[PDB]
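Count residues from 1 along the sequence. When reading the values below, keep in mind they use all heavy atoms of this one structure, side chains included, and skip hydrogens, waters and symmetry mates.
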Amino acid sequence: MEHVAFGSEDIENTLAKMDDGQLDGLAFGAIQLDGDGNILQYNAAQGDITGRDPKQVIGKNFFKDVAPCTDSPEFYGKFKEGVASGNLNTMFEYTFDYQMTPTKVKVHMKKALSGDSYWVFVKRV
Ligand SMILES: *C(=O)/C=C/c1ccc(O)cc1
């Protein structure tokens with residue numbers, strides 16, 4: 001188990017050292033997106049929450065293909081403003097309900113340290 005707490009102030013520095021195997025040891029769901037919303041990384045805890053198979057969703061677009069319930073001003077709209085501005089750090093509750101039992105989660109979106117990548121972190125509430 002990797003010990004990093006959800007919501008930690010310097011989480012992007014800590015997660016910069018992990019490969020996909022290490023990300024699978026986190027206590028919470030983690031998705032890495034490019035600035036178009038394509039999925040680059042998707043960990044085991046996220047798949048436990050959503051039912052998706054991690055290897056199968058890498059390369060898909062999160063907003064168009066995987067998670068249409070997030071294509072809303074309340075989720076996608078926040079992401080796209082962050083990508084446009086080059087800064088993003090926001091936490092909110094949301095319900096995931098596409099092809100699954102409706103599940104309430106806490107979401108933390110934060111710009112990654114390097115380049116044009118963005119984290120989505122998720123835990124149950
Ligand atoms: C709504 O369509 C949410 C879907 C969803 C959220 C997060 C995931 O990792 C996968 C699907």
Side-chain angles (χ1 to χ4, degrees):
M1 155 105 354
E2 291 300 324
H3 295 77
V4 180
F6 183 93
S8 281
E9 259 60 312
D10 291 88
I11 188 161
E12 68 276 27
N13 289 60
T14 302
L15 271 44
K17 67 205 196 160
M18 318 196 163
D19 256 353
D20 10 287
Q22 287 177 39
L23 273 190
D24 284 342
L26 291 170
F28 50 87
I31 308 172
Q32 191 183 194
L33 299 178
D34 72 8
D36 286 318
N38 298 307
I39 298 166
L40 302 175
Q41 301 282 355
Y42 193 101
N43 80 343
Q46 184 71 7
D48 290 343
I49 295 164
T50 69
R52 278 64 178 183
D53 189 292
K55 262 76 164 160
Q56 298 186 172
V57 293
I58 297 259
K60 298 186 169 194
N61 190 279
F62 186 73
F63 302 107
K64 183 174 203 211
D65 304 322
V66 179
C69 83
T70 71
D71 181 358
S72 194
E74 293 87 4
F75 194 135
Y76 187 28
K78 294 178 180 143
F79 177 82
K80 68 113 180 42
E81 189 280 332
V83 174
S85 295
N87 48 78
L88 179 63
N89 182 10
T90 187
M91 191 177 303
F92 56 95
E93 294 180 351
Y94 207 78
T95 297
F96 295 160
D97 61 6
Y98 182 62
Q99 304 179 353
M100 66 198 286
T101 302
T103 301
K104 194 169 298 84
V105 294
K106 194 172 296 290
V107 179
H108 181 203
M109 291 198 297
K110 198 168 189 183
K111 188 184 163 80
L113 210 254
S114 286
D116 215 283
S117 70
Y118 298 90
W119 292 107
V120 181
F121 304 118
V122 177
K123 68 166 182 173
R124 293 176 183 95
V125 298

Practice item. Tell me, with the steps shown, if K78 and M109 meet side-chain contact (heavy atoms from CB on, under 4.5 Å). Key: CA-CA 9 Å; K78 294 178 180 143; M109 291 198 297; 4.1 Å; yes
**Study point:** Reported CZ-to-CD distance for the pair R52 and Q46, which is rounded to 0.5 angstrom
**Key:** 9.5 Å
Check your understanding: Mind checking whether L33 and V120 have side chains closer than 4.5 Å, heavy atoms only?
Key -> yes
Review point. Can you list the residues that meet the salt bridge (charged side-chain N to carboxylate O under 4.0 Å, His left out) rule with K60, with sequence neighbours excluded?
Key: none
Revision key, fill the gap. Applying side chain to side chain donor-acceptor pair (under 3.5 Å) to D34 and not counting sequence neighbours gives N38
Review point. What is the minimum heavy-atom distance between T70 and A67, and which atoms define it?
Key: OG1-O, 2.8 Å
Exercise for review: Could you tell me which non-hydrogen atom of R124 sits nearest to which non-hydrogen atom of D48, and how far apart they are?
Suggested key: NH2-O, 3.5 Å
Study note, to complete from the structure: Heavy-atom nearest pair, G29 first then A45, reads N-CB, 3.9 Å
**Study point:** Nearest heavy-atom neighbours spanning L26 and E2
**Key:** CD2-CB, 4.0 Å
Check your understanding: What heavy-atom pair brings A112 and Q32 nearest, and what distance separates the two atoms?
Key -> CB-OE1, 4.4 Å
Exercise for review: Only counting residues at least two apart or in another chain, list the ones meeting side chain to side chain donor-acceptor pair (under 3.5 Å) with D71.
Suggested key: none
Practice item. State, with a plain yes or no, whether a side-chain heavy atom of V66 is found less than 4.5 Å away from one of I39. Key: yes
Practice item. Hey, could you give me each pair passing side-chain hydrogen bond (donor to acceptor under 3.5 Å, both in side chains) that has a residue in residues 79-91? Not counting sequence neighbours. Key: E81-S85, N89-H108
Point to revise | Cluster overlap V105 with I31, hydrophobic side-chain contacts below 4.5 Å | key: yes
**Study point:** Hphob cluster co-occupancy, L23 + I49, side-chain heavy atoms under 4.5 angstrom
**Key:** no
Check your understanding: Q56: what forms a side chain to side chain contact (heavy atoms under 4.5 Å, CB included) with it, not counting sequence neighbours?
Key -> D53
Practice item. With sequence neighbours excluded, tell me which residues meet salt bridge (charged side-chain N to carboxylate O under 4.0 Å, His left out) with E93. Key: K106
Exercise for review: Apply ring-ring contact (aromatic ring centres under 6.0 Å, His included) to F92 and list each qualifying residue two or more places apart in sequence or on a separate chain.
Suggested key: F75
Check your understanding: Out of curiosity, does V122 fall in the hydrophobic cluster containing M18 (side-chain heavy atoms, cut-off under 4.5 Å, transitive links)?
Key -> no
Review point. Distance-only, no hydrogens or angles: does the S117 side chain make a donor-acceptor pair with backbone N or O of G115 under 3.5 Å?
Key: no
Check your understanding: For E9, what residues pass the side chain to side chain donor-acceptor pair (under 3.5 Å) criterion, not counting sequence neighbours?
Key -> none
Review point. Taking the side chain from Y94 and the backbone from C69, do they hold a donor-acceptor pair closer than 3.5 Å?
Key: yes
Exercise for review: Could I get the full list of salt bridge (charged side-chain N to carboxylate O under 4.0 Å, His left out) partners for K110, not counting sequence neighbours?
Suggested key: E12
**Study point:** Partners meeting ring-ring contact (aromatic ring centres under 6.0 Å, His included) with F79 (sequence neighbours left out)
**Key:** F63, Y118
Practice item. Would you check if the side chain of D10 reaches a backbone N or O of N13 as a donor-acceptor pair within less than 3.5 Å? Key: no
Practice item. Keeping to residues at least two apart or across chains, list the ring pair (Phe, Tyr, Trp, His ring centres under 6.0 Å) pairs with something in residues 15-49. Key: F6-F28, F28-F121
Practice item. Apply side-chain contact (heavy atoms from CB on, under 4.5 Å) to the pair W119 and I11, showing each step before the final yes or no. Key: CA-CA 10 Å; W119 292 107; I11 188 161; over 6 Å; no
Exercise for review: State plainly whether one hydrophobic cluster holds both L113 and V4, where clusters connect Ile, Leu, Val, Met, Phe, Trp and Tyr through side-chain heavy atoms under 4.5 angstrom apart.
Suggested key: no
Check your understanding: Sequence neighbours excluded, which residues qualify as side chain to side chain contact (heavy atoms under 4.5 Å, CB included) partners of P73?
Key -> none
Point to revise | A30 backbone acceptor or donor facing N43 side chain under 3.5 Å | key: yes
